[PDB]
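Let's start with one chain on its own, the form deposited in one PDB entry, as structure tokens.
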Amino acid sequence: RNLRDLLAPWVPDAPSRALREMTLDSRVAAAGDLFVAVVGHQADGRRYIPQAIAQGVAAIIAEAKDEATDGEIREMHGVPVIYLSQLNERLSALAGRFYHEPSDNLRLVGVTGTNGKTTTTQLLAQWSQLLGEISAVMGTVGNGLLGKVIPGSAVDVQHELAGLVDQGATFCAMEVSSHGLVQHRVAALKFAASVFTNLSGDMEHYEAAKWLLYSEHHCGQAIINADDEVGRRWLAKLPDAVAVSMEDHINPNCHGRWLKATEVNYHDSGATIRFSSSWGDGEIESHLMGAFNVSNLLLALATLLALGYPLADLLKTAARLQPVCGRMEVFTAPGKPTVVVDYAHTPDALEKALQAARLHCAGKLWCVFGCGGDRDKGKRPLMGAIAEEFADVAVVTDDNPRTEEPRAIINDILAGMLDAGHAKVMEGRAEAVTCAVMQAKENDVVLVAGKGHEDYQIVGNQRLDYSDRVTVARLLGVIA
């Protein structure tokens, strides 16, 4: 890594210096590093130029605004300080070149939208890896190769993706936040494909801003949910985009590429998805629950088809797609009720989970849940209300009561119900789960909400070892 090489595309006669790492933070700027002095959140990194020089950085690239001309080469205490106008915009490109263009050395897929980003990301990474890729994800959960994921500027994005390339990643599924897009955090990334899940006088400027940004990015293949209203607005202007639907929104007059679920059967262990596409028709057996997750799976399918993965191979491997751990995660066993573990711990999330669960439920829908102690009490009656309305049987129990009287939390939940008396109450979460699962009929569904993947119950100050997943698994006679 050389300052001259790094800046060649922009600054013709830049000094030759060996560079170690690239950083925005003067406090971690070691000897040999490239320090990047940016202006932003009422904060100016050019303040910390002498600090960095004193800490022995090899060179500095700084914002030119008010201080210098674009590409102006100065030197301070033997250290090259090079000024670039609108450095915030160019940071991704700068970092990209520094880290040897990671997105040009793997198949990168960006997923944007409000919901389904994490699930769609994980499905893409999974399915691609099942077809021979070494796949990775970068998202809200975290970054890493599939299985080794662990918990943010334009430089960090390029640097992390470079790390995944070094680890042998050939495919990466990236969650692209709306916020990050507006702040040029992915401005210079070569996306093989961009996916849109959903959105949930003014409308003109918002759309204009988004359209403007789109034209500035290398989005690659566009894969869009046509069941979303903004999705169809995108599709109207993008004749090469792939339209995906499960609610009869493909308009075949356009003669574009498409994928639509024709019929879907939500059953006790997942969904059977019959679909047609411009790549051909087929039937997928998904082990994921709810309509939203069919949509996510169809988006991932359409995306991989668009990138040239063969339909027959994707079909062969579809059954092996798993859900995100503790996200509408189904547990079935011969002759026993279906049990779904979900982390839903807010009113809206609980409602979604129950509505999702209902689709797979021939018999009665049971909801086992509680609320956290020593936390905002406002949600408690709201979650009670939702449990009452959208489930047939509400089993109110404990969920991290902490120092707060467990029964006090339950009472707050019950307060929200029209008919608290028809709710079952059982303290001991384990016992309550056991109660729902044991009493439920074969064609019933038990949603165990609130914890999902978490493997602890906080009673008092103790963090006791407990898992919904393990409890459910033992009762059903399977492994979590």
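For every residue, the number given is its place in the sequence shown, counted from 1. Take the two forms, superpose them, and find the largest set of C-alpha atoms that agree within 1.5 Å; that set is the rigid core.
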query: Unmodelled stretch of the deposited sequence separating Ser200 from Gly201, binned as none, 1 to 3, 4 to 9 or 10 or more; finding: 4 to 9
query: Unmodelled stretch of the deposited sequence separating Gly168 from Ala169, binned as none, 1 to 3, 4 to 9 or 10 or more; finding: none
query: 139-147 or 284-292, whichever carries the higher mean Cα B-factor; finding: 139-147
query: Stretch exceeding the other in mean C-alpha B-factor - 338-346, 76-84; finding: 76-84
query: Residue with highest C-alpha B-factor in the PDB entry, from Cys325, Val395, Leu304, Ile410; finding: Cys325
query: Which of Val446, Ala432, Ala52, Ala449 ranks first by CA B-factor in the deposited coordinates; finding: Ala52
query: Chain third (lowest, middle, highest) by recorded CA B-factor, residue given as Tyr214; finding: highest
query: CA B-factor placement of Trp366, once the chain's modelled residues are sorted into thirds; finding: lowest
query: Position of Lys190 among the chain's modelled residues by C-alpha B-factor, lowest, middle or highest third; finding: lowest
query: Third of the chain, ranked by Cα B-factor, where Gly384 sits; finding: lowest
query: Within-chain third of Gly71 by Cα B-factor, per the entry; finding: highest
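From this point on, the text means the form deposited in another entry, which you will not see here.
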| query | finding |
| --- | --- |
| Single mover in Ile82, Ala192, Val393, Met138, with Cα shift of 2 Å or more between this form and the one not shown when the core is superposed | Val393 |
